[PDB]
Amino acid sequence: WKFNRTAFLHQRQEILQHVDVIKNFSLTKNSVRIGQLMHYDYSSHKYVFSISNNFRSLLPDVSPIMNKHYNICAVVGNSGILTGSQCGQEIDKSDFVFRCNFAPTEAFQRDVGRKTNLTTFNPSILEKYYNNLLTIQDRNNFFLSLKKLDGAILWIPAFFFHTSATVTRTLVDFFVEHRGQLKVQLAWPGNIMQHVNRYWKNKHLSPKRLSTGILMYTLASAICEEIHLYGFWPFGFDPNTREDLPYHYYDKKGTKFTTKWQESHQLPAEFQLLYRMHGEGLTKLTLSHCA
């Protein structure tokens, strides 16, 4: 594998022609009005969400990636290929590390690293893992999780799925209540998928829904000089050993591979395109143990 910087920069420029990444990265205070009704990228149009004073107060003033530049970036997907890879040190050497869905690192650092500079966060995490912040203990656990992120960007897409609606108020209220107590940089993308979908539709990838991993690639393209991908491997066997693999690296040993998404996604089609991109030197896809 040898990086082709020219072709990567061309890709960047092509992405930027279709998606204003710096802007799309997050709503800002001055781009929303109090009382504005948002709709959801992936739900029926009837679902709405009214922007409150408090929601607006958590938006950044300027794009958190404006005038930011990182030389080597790691984008870490969640594939079971990472278990046993020992990629953690190599991942953490990156200038900037992107992670998906608040993925755990604690038990897994040797394989996936501990550096996090951005992690994505669907609001429904609060429902699944923090009991809607109903108790003192829930609130404390969520607070600690956030504190461990230090100054990283928490990239919260509250306008993709309508089922985010009522949990988003809880999350907004939690952050307003704790204003100034955490260093996490909040980012809140708006209705961006139609713009992102345009670039990838031209590359002959058009599922109903693009994966978080490729969305992160798209964002990374604008601010990273060189992108190294880890944990992109949507298959139940290891490419080198042929052994069974789980879907996620944090799945217990012996978990059988079963696909998270059907119909809505085309992870194999994503992977194939990224693999082609690897071959063209646009990005480095890692599929084996790290030295």
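Position 1 is the first residue in the sequence shown; the rest follow in order.
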Does at least a third of the other compared PDB entries (those resolving both flanking residues) leave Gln262 without coordinates?
yes
Is it true that at least a third of the other compared entries have no coordinates for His228?
no
Which of 259 to 267 and 45 to 53 has higher mean CA B factor, as the PDB entry lists it
259 to 267
191 to 199 versus 154 to 162 - greater average Cα B-factor per the deposited record:
191 to 199
Highest Cα temperature factor in the entry, among the options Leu58, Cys224, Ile65, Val32: which one is it?
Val32
Going by the CA temperature factor in the PDB record, which third of the chain does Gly84 belong to: lowest, middle or highest?
middle
Modelled-residue ranking by C-alpha temperature factor, third containing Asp173
middle
Which third of the chain holds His39 when residues are ordered by C-alpha B factor: lowest, middle or highest?
middle
Would you mind checking where the Cα B-factor of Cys100 ranks among the modelled residues of its chain, as the lowest, middle or highest third?
lowest
Report the third (lowest, middle or highest) to which the CA temperature factor of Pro123 belongs, ranking only the modelled residues of the same chain.
middle
